[PDB]
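Asker: Model the following, please.
(chains A, B, C and D, ligands or ions: 8)
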Amino acid sequence: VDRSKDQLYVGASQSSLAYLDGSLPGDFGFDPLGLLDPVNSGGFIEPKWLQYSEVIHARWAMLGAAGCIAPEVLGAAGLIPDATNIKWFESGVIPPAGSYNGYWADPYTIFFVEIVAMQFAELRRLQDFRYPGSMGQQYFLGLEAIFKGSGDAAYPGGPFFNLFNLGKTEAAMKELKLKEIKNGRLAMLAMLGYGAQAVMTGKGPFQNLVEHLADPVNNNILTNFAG
Amino acid sequence: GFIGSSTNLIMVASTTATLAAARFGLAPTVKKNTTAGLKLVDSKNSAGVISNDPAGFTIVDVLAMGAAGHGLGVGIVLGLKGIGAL
Amino acid sequence: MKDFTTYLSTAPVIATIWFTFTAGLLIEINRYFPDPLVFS
Amino acid sequence: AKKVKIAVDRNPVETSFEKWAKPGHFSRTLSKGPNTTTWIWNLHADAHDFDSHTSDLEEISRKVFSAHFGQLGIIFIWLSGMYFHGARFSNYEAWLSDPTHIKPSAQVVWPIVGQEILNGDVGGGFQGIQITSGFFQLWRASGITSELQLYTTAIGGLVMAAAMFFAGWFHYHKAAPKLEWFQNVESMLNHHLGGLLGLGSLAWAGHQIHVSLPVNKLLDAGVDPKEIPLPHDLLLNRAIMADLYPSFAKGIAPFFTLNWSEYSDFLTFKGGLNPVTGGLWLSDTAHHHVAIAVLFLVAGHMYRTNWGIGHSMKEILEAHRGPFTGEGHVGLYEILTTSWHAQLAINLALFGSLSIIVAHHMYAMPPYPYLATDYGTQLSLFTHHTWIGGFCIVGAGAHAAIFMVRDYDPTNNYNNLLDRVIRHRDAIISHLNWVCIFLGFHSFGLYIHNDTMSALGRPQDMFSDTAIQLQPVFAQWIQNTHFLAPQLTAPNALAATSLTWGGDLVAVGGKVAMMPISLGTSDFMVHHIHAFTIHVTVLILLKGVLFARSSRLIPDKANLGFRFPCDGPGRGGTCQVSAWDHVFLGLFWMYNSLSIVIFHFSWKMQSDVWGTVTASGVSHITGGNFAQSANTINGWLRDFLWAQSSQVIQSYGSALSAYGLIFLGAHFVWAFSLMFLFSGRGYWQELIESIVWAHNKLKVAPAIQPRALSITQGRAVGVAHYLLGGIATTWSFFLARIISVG
Ligand code: CLA
Ligand code: CLA
Ligand code: CLA
Ligand code: CLA
Ligand code: CLA
Ligand code: CLA
Ligand SMILES: CC1=C(/C=C/C(C)=C/C=C/C(C)=C/C=C/C=C(C)/C=C/C=C(C)/C=C/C2=C(C)CCCC2(C)C)C(C)(C)CCC1
Ligand code: SF4
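Answerer: Residues are numbered from 1 along each chain as shown, chains lettered A, B, ... in the order given. Ligands and ions are numbered 1, 2, ... in the order given. Please see the structure below:
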């Protein structure tokens, strides 16, 4: 894949350019397996779902990439107590890798709150994709006024999801969508980096950066195969 | 010190040779299949990957010859040890 | 639902239910009245 | 060039119970409802004959694809049940501690009408039916140590079963692939070679290296199962693994630096058998599956899909033509991408042949710990996989013939291999006919010669090791070569692949695991019986295929279809001319051949391999009586059938009494089948007329008119009951015998 910015990335093919016309944000013509071809598409392999899913992954990954390294950075700076300076994979998400005791409840009590909270947030978001505008109709404590959407599932907008109504013009909004997707793709690769480096090294992402800078030649993936 | 060792030299040489052979018409590529007589001939490519290389060398050629080079190199490296040369 | 209850009325399904019931009745009688050879 | 891509139709078929309530909907003939009882049988015989319901190849393919998800769903339910019954109704945990002195058991019967006698005292403080499927030995090899691990697998199997059934519904009713998707044979082979087989082998090798080997290493060292580290502890703690295998202290660096000799502690080439368990070294199997994974991942990059490189299967076939065979392989690519029956004919033939190979290779090279000394499991597994192979091979003949009648088209096959085979079919069949007669005379005739000479008191005139000798010198030479392989032709192998070649026996728990198998005159004679019976089965099946469309007797057999009873009493009588009838006759001969194969295996193993090992030596179960007795028919009747049936006919009142009952039940079903095979429907229809009169007289005549079975169904019923009775008889006979003396 061609990094940075380019008219087309390395993997672009004449076949992919038939349907990748540049309208979608981040359309650099990179679809070697042809997953976005509209002809005879169905199921979840279709342009709308796949584009919607990429944005969803991008936004979760951006939260994850910042959240999986923030406690270590702030812990190094001394802004938070050392007790909460923990590696992302030792916070209790994977108890075998380590867990933090000190939350106001055990992680299974917390997890039930997550299920109920995410079911509401996720299933309502699903209904706007399946039935556009349907979340603004039924009574939801007066909050249905901000769940109308815009006809494009990935960009609901509205008085809350677009709180400061940024990107007022079409050119401005198009520019912002490109920035959202490129930061999102960068974050998605960063999360993959965090996972692989945790398995390879057993240390946090911030330690890996510090050690690579200390001695780049002797600290890298090639020297991490051995021990 | 792995770098500069006999194993490192063989692997670099084998992968470089396969990449060089394909790029200079000495091996089959994406745009050149081979007939029953072992002669290169223009092929029909479904995807039509785009490349700015003057010879039409695509990324698929890099993966194909990279994999072929590693197979060639690994066989030689393990082969030389088997006979005791390396 | 009409069609599904119609499917349950086909010969193989009725035979399955009826013989499951008939077998269950005969098995349960022998569970509570074991080894019956004569009527007393 | 067509691009390889995903292509489906959205919502092709509405999900509704409307057609469930309309039996026979799928066929234009049957959708109108019954008028006679023949309709009921026809409903079931045509249910899965998809291509007879429509001519659209796309519609047929979609039904095939979703029917396959249905089959996989059922297999996952079956597997889940086995794991569940191992978790909840077994003595597996007790067996793990004392594998030699405990009998595996995973079925428990309820106490009712006195049937709880079948819960035998199998050991480990447990009562139940002794299983012979070998699941306990499979579970130990994979490193399972607790009922919890078995239970979790059973749950996962149900989740997979639900997923398979969802996929079947989804890919028929919601997103059904188009015909062009199915016809990407190049892409399918790449994924099934590199992905299904290559990654599957690599993944399983991963489980073996990280779970099976460490756990089985500690089990074979006497460590208690509950003191062995849990598998995830081995995964997360490299230090624990490095204790068992020091090379693990170096991580994955040796793999990436091509210092592969470092892994010699867990990737080995020992050969032979583990002397503790009697099975293959697990470090050998792990290296096997690593090597297999690489081979299939390489194979999966051969065919061209979308990036120029790769082979066109059509171009390969068309290039391979020679002077002796006309156009050669032209037109085969078209046949194999448009006929499911042609594809099923090839796949069944080799899948069935593969099953028979598995039977031989698993007995000789037992891959599981404590399998070899469980004689009940060894006999069962060999017999089971031999039968599956035989049935599958016959199905290959059936569906090759179906292709011949329905899918073959002369315009596309002119002077190619298929066309040329048809044009000298009389030469093929006439020669194969002669070979069968030659093999029949000079193999079974030798037994008849021996029986007569023995009866006349001239043992010196018999074909036997102590008389006129028939030594299988070629097979003896091959054995010697394989026994000496480690010295010269396999320098890096510590031992030969199998102990059957030669050398020293391996004893586990006071019993022989495996030992050299000697081949004398009796072995020569029985191998040429096998050659005879296979050749006749081929004759019957091949004749049905080559004359499916026509013959000198019936010039237009193709217009009569694959399955028809006859073409009338004329021409002297033409009963059973159809190709279907050749499969019918082929089934009997397949049953006759494989019966002798398993009788050969059963007697040879008991006589010359299996037995107890003590200071005085090895005492085999039947004391080595195969060599001198197996060269006469009376020897097989007396020393094998009569003598070894003692266990099954004496099992009443014991936990094995169920085999005694089935033994008689199977004899009954077999004899019941002769009623259908010997008689004809014309008699039965006339009998039903009189019975109908009685029902009419009492106003109790059914509205669906009773009919005798069709001619073809009478044959299908006859063979089905013949096979079930004959096979179930030997099944009871084997299990009662081996579970008692094993
Ligand atoms: C024989 C098996 C089989 C085959 C050949 C297909 C083929 C197809 N399916 Mg179907 N499917 C199957 C089984 C199969 N399916 C099963 C068992 C299910 C139930 C879960 C489904 C559910 C399903 C859905 C819901 C959809 C398809 C779709 C498709 C199409 C595109 C597939 C694709 O993009 O894959 C490429 C793969 C991916 C995009 C990523 C899959 C990632 C999986 C979930 C994880 C990795 C699985 C791996 C094999 C094992 C990992 C082990 C370990 C490392 C964890 C294609 C016609 C799509 C369609 O109709 O498109 C038009 C579609 O929407 N399938
Ligand atoms: C989706 C992404 C995500 C997720 C799942 C997590 C998950 C976690 N984070 Mg991480 N984090 C993330 C993103 C994420 N983080 C990001 C983007 C950053 C950078 C800003 C951080 C920075 C960060 C730090 C610095 C720390 C964590 C920690 C934690 C852990 C404890 C969470 C906790 O105590 O919440 C507590 C709950 C809340 C903050 C939500 C409050 C909910 C109440 C009910 C709302 C009340 C509202 C009411 C109107 C009052 C409003 C008042 C206001 C106006 C003043 C947990 C594993 C902690 C950890 O690792 O501890 C060992 C920790 O120290 N995270
Ligand atoms: C609840 C969901 C549902 C519904 C309402 C339908 C409805 C329909 N399907 Mg669909 N289908 C479903 C699920 C469903 N399907 C699933 C899960 C699959 C994947 C296997 C399929 C695959 C499929 C195919 C491939 C086809 C249909 C067809 C049909 C039509 C006729 C069905 C019929 O006659 O069934 C009555 C049939 C049965 C009751 C047989 C059930 C067989 C299953 C696999 C269970 C057998 C298990 C059993 C234990 C086997 C051993 C028996 C032994 C113990 C005695 C109808 C529109 C047919 C059609 O014509 O569509 C236009 C058609 O060709 N369906
Ligand atoms: C498919 C088979 C397979 C698998 C899965 C594994 C797996 C493993 N092996 Mg094994 N191994 C195998 C085959 C396999 N092996 C074979 C064939 C051999 C013989 C050559 C070996 C020889 C071997 C040795 C000698 C060693 C291992 C080791 C390991 C472990 C560490 C590997 C490592 O360093 O990864 C490095 C990094 C990665 C694999 C990448 C991980 C990427 C993650 C999953 C990405 C996640 C990203 C995602 C966004 C995260 C989201 C988080 C969420 C909570 C939000 C690991 C459990 C080592 C060990 O410690 O074993 C106990 C070890 O020493 N293996
Ligand atoms: C992968 C395996 C496979 C597949 C997918 C098929 C598929 C097909 N076969 Mg083929 N076949 C196979 C293997 C296979 N066959 C084998 C191994 C043989 C050799 C025996 C044959 C011999 C054969 C013949 C001779 C014929 C077919 C036919 C058919 C078609 C219709 C099947 C039907 O409607 O059955 C409906 C199913 C039944 C009526 C149920 C039959 C149950 C049997 C008789 C007894 C089972 C007993 C059980 C296992 C144990 C006892 C249980 C009891 C006590 C309760 C269909 C295309 C027919 C056709 O015309 O195709 C064009 C046809 O005439 N097949
Ligand atoms: C024990 C029963 C039996 C016997 C002896 C035979 C015999 C034969 N069957 Mg038959 N068959 C049987 C049962 C039997 N079948 C059954 C139950 C079925 C229904 C499923 C069939 C269905 C069937 C088919 C469909 C076919 C055969 C074939 C054959 C022939 C095979 C070639 C062969 O070996 O010729 C040599 C003969 C023998 C080995 C029989 C014994 C010969 C003795 C020992 C010779 C004695 C010689 C001596 C001088 C006698 C002098 C007597 C007197 C004049 C003094 C052969 C004639 C195949 C065939 O015709 O192949 C060409 C064939 O296609 N059979
Ligand atoms: C000249 C030039 C350049 C450069 C380039 C380069 C420098 C490249 C490189 C490239 C490369 C450097 C590549 C590589 C690749 C690789 C690969 C692709 C690999 C593969 C591998 C494999 C496939 C393996 C396998 C295996 C295993 C895993 C195990 C064992 C066995 C075997 C060995 C088989 C540029 C463009 C800048 C610019 C223009 C000019
Ligand atoms: S006996 Fe039966 S099968 Fe034979 S010709 Fe007469 S009707 Fe046909």
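Asker: Can I get stretch D:539-558 as CSV, trimmed to CA atoms?
Answerer: Only the C-alpha atoms of stretch D:539-558 are listed here, as CSV (Å, rounded to 0.1, in the frame of the first residue of the first chain):
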residue,chain,number,x,y,z
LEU,D,539,-16.4,-55.4,-13.9
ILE,D,540,-20.0,-55.0,-12.8
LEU,D,541,-19.7,-51.3,-12.2
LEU,D,542,-17.6,-50.5,-15.3
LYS,D,543,-20.0,-52.4,-17.5
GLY,D,544,-22.9,-50.4,-16.2
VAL,D,545,-21.1,-47.2,-16.9
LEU,D,546,-19.9,-48.0,-20.4
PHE,D,547,-23.2,-49.5,-21.5
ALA,D,548,-25.4,-47.0,-19.7
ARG,D,549,-26.4,-45.3,-23.0
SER,D,550,-26.7,-48.3,-25.3
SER,D,551,-25.6,-51.9,-26.0
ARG,D,552,-26.1,-54.5,-28.7
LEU,D,553,-29.1,-55.7,-26.7
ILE,D,554,-30.9,-52.3,-26.2
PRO,D,555,-29.8,-49.8,-28.8
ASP,D,556,-31.6,-46.9,-27.2
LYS,D,557,-31.0,-47.4,-23.5
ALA,D,558,-30.2,-43.7,-22.9
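Asker: State the number of residues packed around residue D:481.
Answerer: For residue D:481, the neighbour count with other C-beta atoms under 10 Å in any protein chain shown is 12. Every residue, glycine included, has its C-beta placed from N, CA and C.
Asker: distance of it from ligand 2?
Answerer: 65 Å (C-beta to the nearest ligand atom, to the nearest Å).
Asker: Likewise for residue A:148?
Answerer: Residue A:148 is 24 Å from ligand 2, where distance means C-beta to the nearest ligand atom.
Asker: Quick one: neighbours of the closest residue to residue D:231 other than its chain neighbours, just the number.
Answerer: Excluding the flanking residues, the one nearest residue D:231 by C-beta to C-beta, 6 or more residues apart in numbering or on different chains is residue D:211, at 4.5 Å. Counted by other C-beta under 10 Å, the residues lying close to residue D:211 total 18.
Asker: Tell me if I'm right that residue D:211 and residue D:142 touch.
Answerer: Yes - contact criterion C-beta atoms under 8 Å: residue D:211 and residue D:142 qualify, at 7.2 Å.
Asker: I figured residue D:58 was touching residue D:183, is that so?
Answerer: No - Residue D:58 sits out of contact with residue D:183 when judged by C-beta under 8 Å, with a separation of 10.1 Å.
Asker: Could you report the neighbour count for residue 10?
Answerer: I'll assume chain A. Neighbours of residue A:10 under the rule other C-beta under 10 Å: 18.
Asker: try again with chain C
Answerer: 13.
Asker: dump the residue contacts of the spatially closest residue to it that is not a sequence neighbour.
Answerer: Closest residue to residue C:10 apart from its sequence neighbours, by C-beta to C-beta, 6+ apart: residue D:23 at 6.7 Å. Residue D:23 sits next to C:10, D:30, D:33, D:43 when contact means C-beta atoms under 8 Å, 6 or more residues apart in numbering or on different chains.
Asker: Select only the buried ones of those in ChimeraX?
Answerer: Typed into ChimeraX, the line below selects the buried ones among these, using 16 or more other C-beta atoms under 10 Å in any protein chain shown:
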select /D:30
